[PDB]
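Undergrad: So I've got this file, run.tsv, and it contains TSV, C-alpha atoms:
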```
chain	number	residue	atom	x	y	z
A	1	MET	CA	-5.20	-22.05	2.04
A	2	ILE	CA	-5.25	-18.56	3.59
A	3	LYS	CA	-5.38	-15.35	1.56
A	4	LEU	CA	-2.69	-12.83	2.44
A	5	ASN	CA	-3.03	-9.05	2.66
A	6	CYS	CA	-0.22	-6.98	1.15
A	7	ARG	CA	0.73	-3.34	1.59
A	8	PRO	CA	3.96	-1.44	0.83
A	9	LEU	CA	6.05	0.58	3.26
A	10	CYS	CA	7.64	2.88	0.66
A	11	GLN	CA	6.45	4.88	-2.32
A	12	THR	CA	8.03	6.11	-5.55
A	13	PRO	CA	5.78	8.08	-7.94
A	14	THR	CA	5.73	6.95	-11.54
A	15	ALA	CA	7.71	9.30	-13.79
A	16	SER	CA	6.44	9.22	-17.38
A	17	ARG	CA	7.52	11.54	-20.18
A	18	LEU	CA	5.07	13.81	-21.95
A	19	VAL	CA	5.49	14.27	-25.70
A	20	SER	CA	4.24	17.17	-27.80
A	21	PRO	CA	3.63	17.51	-31.55
A	22	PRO	CA	6.71	18.26	-33.66
A	23	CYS	CA	7.11	21.47	-35.62
A	24	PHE	CA	5.13	21.74	-38.85
A	25	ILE	CA	6.92	20.35	-41.91
A	26	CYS	CA	5.38	20.41	-45.37
A	27	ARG	CA	4.30	17.00	-46.63
B	1	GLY	CA	10.35	20.57	-59.30
B	2	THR	CA	13.45	22.58	-60.11
B	3	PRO	CA	14.36	24.73	-63.13
B	4	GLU	CA	16.93	22.13	-64.19
B	5	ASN	CA	14.33	19.32	-64.12
B	6	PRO	CA	10.87	20.90	-64.17
B	7	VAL	CA	7.90	18.79	-63.12
B	8	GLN	CA	4.66	20.25	-64.47
B	9	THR	CA	1.59	19.26	-62.46
B	10	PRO	CA	-2.08	20.31	-62.61
B	11	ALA	CA	-3.13	22.49	-59.70
B	12	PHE	CA	-5.94	24.57	-58.22
B	13	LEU	CA	-4.89	27.41	-55.92
B	14	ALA	CA	-6.87	29.79	-53.73
B	15	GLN	CA	-6.39	32.83	-55.97
B	16	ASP	CA	-7.86	31.03	-59.00
B	17	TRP	CA	-11.31	30.95	-57.39
B	18	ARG	CA	-11.02	34.64	-56.51
B	19	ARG	CA	-9.98	35.60	-60.04
B	20	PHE	CA	-12.70	33.48	-61.63
B	21	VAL	CA	-15.48	34.81	-59.40
B	22	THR	CA	-14.37	38.44	-59.75
B	23	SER	CA	-13.93	38.33	-63.54
B	24	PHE	CA	-17.70	38.23	-64.18
B	25	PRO	CA	-18.75	41.15	-66.41
B	26	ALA	CA	-20.56	43.79	-64.38
B	27	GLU	CA	-23.35	44.56	-66.85
B	28	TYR	CA	-24.91	41.09	-66.87
B	29	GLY	CA	-25.97	41.46	-63.22
B	30	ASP	CA	-25.67	39.42	-60.06
B	31	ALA	CA	-24.45	35.85	-60.48
B	32	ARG	CA	-24.54	32.65	-58.43
B	33	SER	CA	-22.01	29.82	-58.39
B	34	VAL	CA	-22.60	26.07	-58.30
B	35	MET	CA	-20.03	23.57	-57.07
B	36	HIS	CA	-19.61	20.19	-55.41
B	37	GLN	CA	-19.33	19.97	-51.63
B	38	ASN	CA	-15.92	18.30	-51.76
B	39	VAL	CA	-14.62	21.18	-53.88
B	40	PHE	CA	-15.61	23.70	-51.21
B	41	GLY	CA	-14.09	21.48	-48.53
B	42	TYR	CA	-10.83	21.30	-50.48
B	43	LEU	CA	-10.87	25.07	-50.96
B	44	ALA	CA	-11.42	25.81	-47.27
B	45	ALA	CA	-8.51	23.57	-46.15
B	46	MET	CA	-5.68	25.60	-47.69
B	47	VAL	CA	-2.56	26.46	-45.69
B	48	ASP	CA	0.14	29.00	-46.46
B	49	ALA	CA	3.86	28.26	-46.38
B	50	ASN	CA	4.01	28.40	-42.57
B	51	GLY	CA	1.12	25.98	-41.99
B	52	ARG	CA	-1.51	28.52	-40.95
C	1	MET	CA	2.44	11.07	22.46
C	2	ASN	CA	3.42	7.40	22.58
C	3	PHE	CA	1.90	4.29	24.15
C	4	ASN	CA	3.29	1.07	25.59
C	5	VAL	CA	1.53	-1.03	22.97
C	6	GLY	CA	3.38	-4.15	24.12
C	7	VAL	CA	1.12	-4.21	27.18
C	8	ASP	CA	-1.99	-4.85	25.09
C	9	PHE	CA	-0.67	-6.31	21.80
C	10	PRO	CA	2.45	-8.39	22.47
C	11	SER	CA	4.24	-10.06	19.58
C	12	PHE	CA	6.47	-13.13	19.50
C	13	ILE	CA	8.94	-14.51	16.97
C	14	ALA	CA	7.88	-17.64	15.10
C	15	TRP	CA	10.52	-18.16	12.40
C	16	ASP	CA	14.09	-16.86	12.12
C	17	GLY	CA	15.31	-18.58	8.96
C	18	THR	CA	17.07	-21.32	10.96
C	19	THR	CA	14.57	-22.46	13.63
C	20	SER	CA	10.91	-22.29	14.62
C	21	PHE	CA	9.57	-21.42	18.07
C	22	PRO	CA	6.17	-22.60	19.37
C	23	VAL	CA	4.01	-19.68	20.48
C	24	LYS	CA	1.53	-20.01	23.34
C	25	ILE	CA	-1.83	-18.61	22.23
C	26	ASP	CA	-3.67	-20.07	25.23
C	27	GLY	CA	-3.99	-16.90	27.28
C	28	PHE	CA	-4.86	-14.67	24.31
C	29	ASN	CA	-8.20	-14.97	22.56
C	30	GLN	CA	-7.09	-13.72	19.12
C	31	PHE	CA	-3.96	-13.70	16.98
C	32	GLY	CA	-2.54	-13.43	13.49
C	33	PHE	CA	0.65	-13.91	11.53
C	34	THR	CA	2.92	-11.41	9.77
C	35	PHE	CA	5.50	-12.04	7.05
C	36	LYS	CA	8.46	-10.05	5.77
C	37	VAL	CA	11.29	-10.81	3.34
C	38	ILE	CA	14.81	-9.43	3.81
C	39	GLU	CA	16.09	-10.22	0.30
C	40	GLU	CA	14.98	-11.09	-3.21
C	41	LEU	CA	13.48	-14.56	-3.53
C	42	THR	CA	14.07	-17.19	-6.22
C	43	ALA	CA	10.60	-18.77	-6.07
C	44	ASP	CA	7.54	-19.12	-3.87
C	45	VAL	CA	8.17	-20.63	-0.43
C	46	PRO	CA	5.27	-22.64	1.08
C	47	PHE	CA	4.92	-22.84	4.86
C	48	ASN	CA	3.33	-25.63	6.87
C	49	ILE	CA	1.17	-24.67	9.86
C	50	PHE	CA	1.23	-26.89	12.95
C	51	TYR	CA	-0.22	-26.90	16.45
C	52	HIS	CA	0.83	-28.65	19.65
C	53	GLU	CA	-1.09	-30.25	22.51
C	54	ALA	CA	-0.12	-30.07	26.17
C	55	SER	CA	2.44	-32.72	27.05
C	56	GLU	CA	1.71	-35.51	29.52
C	57	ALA	CA	4.69	-35.05	31.85
C	58	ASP	CA	4.27	-31.27	32.23
C	59	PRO	CA	1.25	-28.95	31.88
C	60	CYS	CA	3.44	-26.21	30.33
C	61	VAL	CA	5.53	-28.00	27.68
C	62	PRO	CA	4.40	-28.52	24.06
C	63	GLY	CA	3.91	-31.97	22.59
C	64	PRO	CA	4.75	-33.19	19.10
C	65	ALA	CA	3.61	-31.11	16.15
C	66	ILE	CA	0.12	-31.74	14.75
C	67	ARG	CA	-0.85	-30.50	11.29
C	68	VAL	CA	-3.72	-28.01	11.25
C	69	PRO	CA	-6.80	-29.12	9.27
C	70	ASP	CA	-8.36	-27.01	6.55
C	71	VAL	CA	-11.66	-25.17	7.01
C	72	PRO	CA	-13.62	-24.34	3.82
C	73	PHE	CA	-15.38	-20.99	3.93
C	74	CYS	CA	-19.04	-20.32	3.15
C	75	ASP	CA	-18.23	-21.39	-0.42
C	76	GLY	CA	-15.16	-21.87	-2.57
C	77	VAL	CA	-12.22	-24.16	-3.10
C	78	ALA	CA	-10.69	-26.42	-0.47
C	79	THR	CA	-7.06	-27.41	-0.05
C	80	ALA	CA	-6.05	-30.40	-2.15
C	81	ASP	CA	-5.13	-32.58	0.86
C	82	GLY	CA	-7.50	-30.94	3.35
C	83	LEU	CA	-4.74	-29.11	5.26
C	84	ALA	CA	-3.83	-25.46	5.74
C	85	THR	CA	-0.90	-23.73	4.06
C	86	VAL	CA	0.35	-20.28	3.09
C	87	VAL	CA	2.44	-19.49	0.01
C	88	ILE	CA	4.56	-16.35	-0.31
C	89	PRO	CA	4.44	-15.18	-3.96
C	90	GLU	CA	7.62	-14.47	-5.88
C	91	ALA	CA	6.50	-10.96	-6.89
C	92	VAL	CA	6.77	-9.74	-3.29
C	93	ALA	CA	9.29	-6.93	-2.76
C	94	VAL	CA	11.70	-6.43	0.12
C	95	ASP	CA	10.09	-3.21	1.40
C	96	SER	CA	6.65	-4.64	2.16
C	97	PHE	CA	4.93	-6.97	4.61
C	98	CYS	CA	2.10	-9.50	4.45
C	99	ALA	CA	-0.55	-10.50	6.99
C	100	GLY	CA	-2.74	-13.56	7.47
C	101	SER	CA	-4.27	-15.83	10.07
C	102	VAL	CA	-6.09	-19.15	10.44
C	103	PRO	CA	-9.86	-19.22	11.12
C	104	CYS	CA	-9.81	-21.44	14.23
C	105	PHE	CA	-7.67	-22.13	17.28
C	106	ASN	CA	-7.33	-25.90	17.88
C	107	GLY	CA	-4.52	-26.53	20.38
C	108	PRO	CA	-3.05	-24.06	22.87
C	109	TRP	CA	0.33	-23.73	21.09
C	110	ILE	CA	0.87	-22.85	17.44
C	111	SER	CA	3.87	-22.98	15.12
C	112	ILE	CA	4.90	-22.51	11.50
C	113	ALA	CA	7.83	-23.80	9.45
C	114	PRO	CA	8.80	-24.11	5.78
C	115	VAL	CA	8.11	-27.24	3.78
C	116	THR	CA	11.81	-27.53	2.91
C	117	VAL	CA	14.89	-25.83	4.33
C	118	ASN	CA	16.27	-24.22	1.18
C	119	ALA	CA	18.39	-21.12	0.63
C	120	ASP	CA	15.22	-19.09	0.00
C	121	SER	CA	13.61	-20.14	3.28
C	122	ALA	CA	16.33	-18.23	5.16
C	123	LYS	CA	15.15	-14.91	3.68
C	124	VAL	CA	11.71	-14.91	5.36
C	125	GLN	CA	10.78	-13.77	8.87
C	126	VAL	CA	7.50	-14.73	10.55
C	127	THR	CA	6.11	-13.03	13.67
C	128	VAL	CA	2.93	-13.72	15.66
C	129	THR	CA	0.80	-10.96	17.20
C	130	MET	CA	-1.81	-11.56	19.90
C	131	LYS	CA	-4.70	-9.36	21.02
C	132	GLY	CA	-7.04	-9.22	23.99
C	133	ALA	CA	-5.49	-10.99	26.96
C	134	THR	CA	-8.25	-12.86	28.79
C	135	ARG	CA	-6.76	-13.95	32.13
D	1	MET	CA	-13.89	-16.05	15.56
D	2	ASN	CA	-10.48	-14.39	15.36
D	3	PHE	CA	-9.50	-11.45	13.17
D	4	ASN	CA	-6.55	-10.61	10.94
D	5	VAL	CA	-4.70	-8.66	13.62
D	6	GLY	CA	-1.65	-8.59	11.34
D	7	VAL	CA	-3.40	-5.94	9.24
D	8	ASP	CA	-3.87	-3.32	11.97
D	9	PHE	CA	-0.98	-4.15	14.34
D	10	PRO	CA	1.94	-5.45	12.26
D	11	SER	CA	5.08	-6.44	14.14
D	12	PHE	CA	8.70	-6.90	13.11
D	13	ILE	CA	11.84	-8.48	14.53
D	14	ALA	CA	14.41	-6.21	16.20
D	15	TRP	CA	16.97	-8.48	17.91
D	16	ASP	CA	16.90	-12.26	17.39
D	17	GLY	CA	19.99	-13.07	19.46
D	18	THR	CA	22.67	-12.78	16.77
D	19	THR	CA	21.73	-9.74	14.65
D	20	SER	CA	19.88	-6.44	14.94
D	21	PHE	CA	17.58	-5.19	12.18
D	22	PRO	CA	16.51	-1.56	11.66
D	23	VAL	CA	12.73	-1.12	11.79
D	24	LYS	CA	10.91	1.54	9.77
D	25	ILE	CA	8.34	3.27	12.00
D	26	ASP	CA	7.52	6.49	10.13
D	27	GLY	CA	4.37	4.95	8.63
D	28	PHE	CA	2.87	4.28	12.07
D	29	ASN	CA	2.30	6.75	14.89
D	30	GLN	CA	2.75	4.41	17.89
D	31	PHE	CA	5.05	1.52	18.73
D	32	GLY	CA	6.57	-0.46	21.57
D	33	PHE	CA	8.98	-3.22	22.51
D	34	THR	CA	8.40	-6.75	23.80
D	35	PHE	CA	11.13	-8.70	25.62
D	36	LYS	CA	11.12	-12.48	26.01
D	37	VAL	CA	13.82	-14.89	27.20
D	38	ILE	CA	13.97	-18.50	26.06
D	39	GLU	CA	15.86	-19.93	29.03
D	40	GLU	CA	17.36	-18.90	32.35
D	41	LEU	CA	19.78	-15.98	32.47
D	42	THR	CA	23.11	-15.76	34.28
D	43	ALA	CA	23.32	-12.00	34.90
D	44	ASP	CA	21.74	-8.69	33.95
D	45	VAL	CA	21.81	-7.75	30.26
D	46	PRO	CA	21.67	-4.04	29.29
D	47	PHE	CA	20.43	-2.86	25.88
D	48	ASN	CA	21.07	0.35	23.94
D	49	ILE	CA	18.39	2.05	21.83
D	50	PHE	CA	19.37	3.65	18.52
D	51	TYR	CA	17.64	5.56	15.74
D	52	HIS	CA	18.54	6.21	12.11
D	53	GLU	CA	17.58	8.63	9.36
D	54	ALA	CA	17.36	8.47	5.58
D	55	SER	CA	20.73	7.92	3.96
D	56	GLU	CA	22.10	10.67	1.73
D	57	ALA	CA	22.54	8.35	-1.26
D	58	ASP	CA	19.09	6.74	-1.11
D	59	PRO	CA	15.90	8.00	0.62
D	60	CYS	CA	14.80	4.43	1.48
D	61	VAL	CA	17.99	3.07	3.09
D	62	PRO	CA	19.06	3.88	6.67
D	63	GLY	CA	22.27	5.67	7.54
D	64	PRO	CA	24.65	5.04	10.44
D	65	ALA	CA	23.10	4.58	13.85
D	66	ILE	CA	22.53	7.45	16.27
D	67	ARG	CA	21.75	6.86	19.93
D	68	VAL	CA	18.46	8.05	21.43
D	69	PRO	CA	18.71	10.71	24.17
D	70	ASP	CA	16.89	10.56	27.48
D	71	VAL	CA	13.91	12.66	28.55
D	72	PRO	CA	12.88	13.01	32.22
D	73	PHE	CA	9.34	13.15	33.57
D	74	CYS	CA	7.62	15.53	35.99
D	75	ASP	CA	8.59	13.82	39.27
D	76	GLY	CA	11.71	12.02	38.14
D	77	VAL	CA	15.47	12.15	37.76
D	78	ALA	CA	17.40	12.04	34.50
D	79	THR	CA	19.84	9.20	33.97
D	80	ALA	CA	23.47	10.00	34.68
D	81	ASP	CA	24.77	9.61	31.11
D	82	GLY	CA	21.80	11.29	29.42
D	83	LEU	CA	21.12	8.34	27.08
D	84	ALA	CA	18.29	5.83	26.97
D	85	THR	CA	18.93	2.29	28.18
D	86	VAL	CA	16.93	-0.82	29.05
D	87	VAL	CA	18.12	-3.56	31.41
D	88	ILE	CA	16.49	-6.99	31.79
D	89	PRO	CA	16.63	-8.25	35.41
D	90	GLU	CA	18.30	-11.55	36.24
D	91	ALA	CA	15.21	-12.83	38.08
D	92	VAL	CA	13.11	-12.77	34.89
D	93	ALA	CA	11.00	-15.91	34.41
D	94	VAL	CA	11.01	-17.81	31.13
D	95	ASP	CA	7.21	-18.06	30.86
D	96	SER	CA	6.51	-14.30	30.99
D	97	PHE	CA	7.18	-11.21	28.90
D	98	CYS	CA	7.93	-7.55	29.62
D	99	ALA	CA	6.98	-4.56	27.49
D	100	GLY	CA	8.42	-1.05	27.48
D	101	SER	CA	8.41	1.93	25.14
D	102	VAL	CA	10.30	5.16	24.46
D	103	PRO	CA	8.67	8.58	25.07
D	104	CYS	CA	9.89	10.20	21.83
D	105	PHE	CA	10.32	9.39	18.14
D	106	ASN	CA	13.43	11.07	16.70
D	107	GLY	CA	14.46	9.57	13.35
D	108	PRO	CA	12.08	7.49	11.22
D	109	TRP	CA	13.98	4.26	12.02
D	110	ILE	CA	14.59	2.62	15.40
D	111	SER	CA	16.94	-0.14	16.50
D	112	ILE	CA	18.17	-2.00	19.58
D	113	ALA	CA	21.25	-4.07	20.37
D	114	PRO	CA	22.98	-5.34	23.53
D	115	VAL	CA	25.81	-3.34	25.05
D	116	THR	CA	28.01	-6.45	24.90
D	117	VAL	CA	27.79	-9.50	22.64
D	118	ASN	CA	28.38	-12.70	24.60
D	119	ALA	CA	26.82	-16.07	25.45
D	120	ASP	CA	24.15	-14.40	27.62
D	121	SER	CA	22.80	-11.71	25.28
D	122	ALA	CA	21.95	-14.46	22.77
D	123	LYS	CA	19.22	-15.79	25.09
D	124	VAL	CA	16.87	-12.82	24.55
D	125	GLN	CA	14.46	-11.95	21.73
D	126	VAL	CA	13.01	-8.50	20.99
D	127	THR	CA	10.04	-7.74	18.72
D	128	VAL	CA	8.54	-4.36	17.81
D	129	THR	CA	4.77	-3.90	17.53
D	130	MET	CA	3.22	-0.92	15.75
D	131	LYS	CA	-0.23	0.60	16.07
D	132	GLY	CA	-2.30	2.65	13.64
D	133	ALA	CA	-1.56	3.34	9.97
D	134	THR	CA	-1.45	6.59	8.02
D	135	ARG	CA	-0.70	5.63	4.40
```
Go ahead and render the structure in this file as structure tokens.
TA:
Amino acid sequence: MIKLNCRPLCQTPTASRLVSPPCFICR
Amino acid sequence: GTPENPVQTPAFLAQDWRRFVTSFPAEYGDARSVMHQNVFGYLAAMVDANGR
Amino acid sequence: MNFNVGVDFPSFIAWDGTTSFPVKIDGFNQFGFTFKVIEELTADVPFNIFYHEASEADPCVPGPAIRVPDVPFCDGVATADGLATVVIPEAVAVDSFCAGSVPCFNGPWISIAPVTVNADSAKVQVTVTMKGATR
Amino acid sequence: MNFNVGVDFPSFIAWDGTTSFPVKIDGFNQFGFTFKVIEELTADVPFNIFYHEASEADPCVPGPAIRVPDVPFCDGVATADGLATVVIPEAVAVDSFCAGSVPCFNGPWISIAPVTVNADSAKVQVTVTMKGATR
């Protein structure tokens, strides 16, 4: 069995959200 | 709580330490305080109403 | 600037999704395969690799297909039945291509075809590229 | 020993005798055509060369075809219509191939199809070979 070599022709950057701490609220 | 249903609770605020330390009579001379480390840590971690 | 690459590195079709064409590797001293999928697959599609020997009646007509034997590398597994195969994984996407080649030559013609002619086998295209003409 | 030529010089199908497939060439900086015939011809077959560009709706899907323009050389004469064309002679032999290329790139996709679809244009096969990678 032969091992293949793979490579993509197109690209699409990963788009992940960034979350920030919520406003202070007394416990 | 609220005035309609008050909920009394023991407390220890920042100004109590200030009052206690400053109320020492002046004639007796310089004083020194003794306290547990956790008490100082609790004192130093106070925050006002805005969180600062 | 552009070059006539086809002068030095010609390529020939090997599988169309409905038929397979023997490719003459005799005059070229190196070669390799190339795979591409034109649609989403349903499962892996295994391909059988064959080679042909020169026919008796004519020096330029291929004979019946002969299955290529396996060749274990310096160390590692060997094919279950001692033959050579290639399997296209299901995770492959449409906008990508795969490359692979056999380690040895054997006969002067080579060919490749699917194990079974299913609906998925029509979605794959195989092309052969040759390098370094010797004659 | 033979190498994995499919890694450095991948090739793709352009015209298999019934359909024409756009080929994405922007990732490679050189390319060329290879023409082979699988039996005897009856007359000359002319081919048109097209190019595409990214569709408005999707940046990875080609738009409608546009036809490549001609460019003349130093000591040469421009074609009458001003458009690129390739014609395969009738005297072509089955056991040989011809390779030609275009001088310019234009859009990031290229394509080729016969001027007329008939019982003679289905006897030819065209494959595109790239060279060099930049991604």
Undergrad: Could the residues of chain A within 9 Å of chain D, counting all atoms listed in the file, be given as a tab-separated table (two decimals) with C-alpha atoms, in the coordinates of the input, please?
TA:
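Contents of the output file result_16.tsv:
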```tsv
chain	number	residue	atom	x	y	z
A	5	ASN	CA	-3.03	-9.05	2.66
A	6	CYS	CA	-0.22	-6.98	1.15
A	9	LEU	CA	6.05	0.58	3.26
A	10	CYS	CA	7.64	2.88	0.66
```
Undergrad: Please report as a ChimeraX atom specification which residues of chain A come no farther than 12 Å from chain B, using all atoms listed in the file.
TA: /A:23-27
Undergrad: Can you work out which one of C:49, C:83, C:71, C:14 has the shortest atom-to-atom distance to residue 104 in chain C, counting only C-alpha atoms?
TA: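 Among the listed residues, C:71 lies closest to residue 104 in chain C.
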Undergrad: Expressed in Å to a single decimal, how great is the separation between CA of residue 4 in chain A and CA of residue 22 in chain C?
TA: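 CA of residue 4 in chain A sits 21.5 Å away from CA of residue 22 in chain C.
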Undergrad: Could you work out which residues of chain C fall inside 7 Å of chain D? Count only C-alpha atoms, and format the result as a list in words.
TA: residues 2, 3, 4, 5, 6, 7, 10, 11, 12, 30, 31, 32, 33, 34, 99, 100, 101, 103, 104, 127 and 129 of chain C
Undergrad: Okay, now the selection with C-alpha atoms, as a short mmCIF file (atom, residue, chain, number, x, y, z; two decimals), keeping the file's coordinate frame?
TA:
```
data_model
loop_
_atom_site.label_atom_id
_atom_site.label_comp_id
_atom_site.auth_asym_id
_atom_site.auth_seq_id
_atom_site.Cartn_x
_atom_site.Cartn_y
_atom_site.Cartn_z
CA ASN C 2 3.42 7.40 22.58
CA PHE C 3 1.90 4.29 24.15
CA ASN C 4 3.29 1.07 25.59
CA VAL C 5 1.53 -1.03 22.97
CA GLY C 6 3.38 -4.15 24.12
CA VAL C 7 1.12 -4.21 27.18
CA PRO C 10 2.45 -8.39 22.47
CA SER C 11 4.24 -10.06 19.58
CA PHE C 12 6.47 -13.13 19.50
CA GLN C 30 -7.09 -13.72 19.12
CA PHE C 31 -3.96 -13.70 16.98
CA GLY C 32 -2.54 -13.43 13.49
CA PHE C 33 0.65 -13.91 11.53
CA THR C 34 2.92 -11.41 9.77
CA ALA C 99 -0.55 -10.50 6.99
CA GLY C 100 -2.74 -13.56 7.47
CA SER C 101 -4.27 -15.83 10.07
CA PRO C 103 -9.86 -19.22 11.12
CA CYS C 104 -9.81 -21.44 14.23
CA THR C 127 6.11 -13.03 13.67
CA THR C 129 0.80 -10.96 17.20
#
```
Undergrad: Provide the CA of residue 54 in chain D to CA of residue 12 in chain A distance in Å, to one decimal place.
TA: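 Distance between the two atoms: 14.7 Å.
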Undergrad: Mind pulling up the distance from CA of residue 68 in chain D to CA of residue 41 in chain D?
TA: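 Going from CA of residue 41 in chain D over to CA of residue 68 in chain D covers 26.5 Å.
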Undergrad: Please work out which residues fall within 10 Å of (-2.6, -28.5, 21.2), coordinates as given in the file, with only C-alpha atoms counting, and return them as a list in words.
TA: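 It turns out the residues near that spot are residues 24, 25, 26, 50, 51, 52, 53, 54, 55, 62, 63, 64, 65, 66, 105, 106, 107, 108, 109 and 110 of chain C.
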Undergrad: Residues within 8 Å of residue 46 in chain B, please, as a PDB file with C-alpha atoms, in the frame of the given file. Count only C-alpha atoms; anything in the same chain fewer than 3 positions from it doesn't count.
TA:
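Okay, part-v5.pdb is ready:
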```pdb
ATOM      1  CA  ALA B  14      -6.870  29.790 -53.730  1.00  0.00           C
ATOM      2  CA  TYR B  42     -10.830  21.300 -50.480  1.00  0.00           C
ATOM      3  CA  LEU B  43     -10.870  25.070 -50.960  1.00  0.00           C
TER       4      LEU B  43
END
```
Undergrad: So, counting all atoms listed in the file, which residue among C:82, C:17, C:72, C:46 is closest to residue 119 in chain C?
TA: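 Under the stated criterion, the closest residue is C:17.
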Undergrad: List as a PyMOL selection string the residues having at least one atom at most 10 Å from position (11.1, -12.1, -1.9) as given in the file, counting only C-alpha atoms.
TA: chain C and resi 36-45+88-96+120-121+123-124
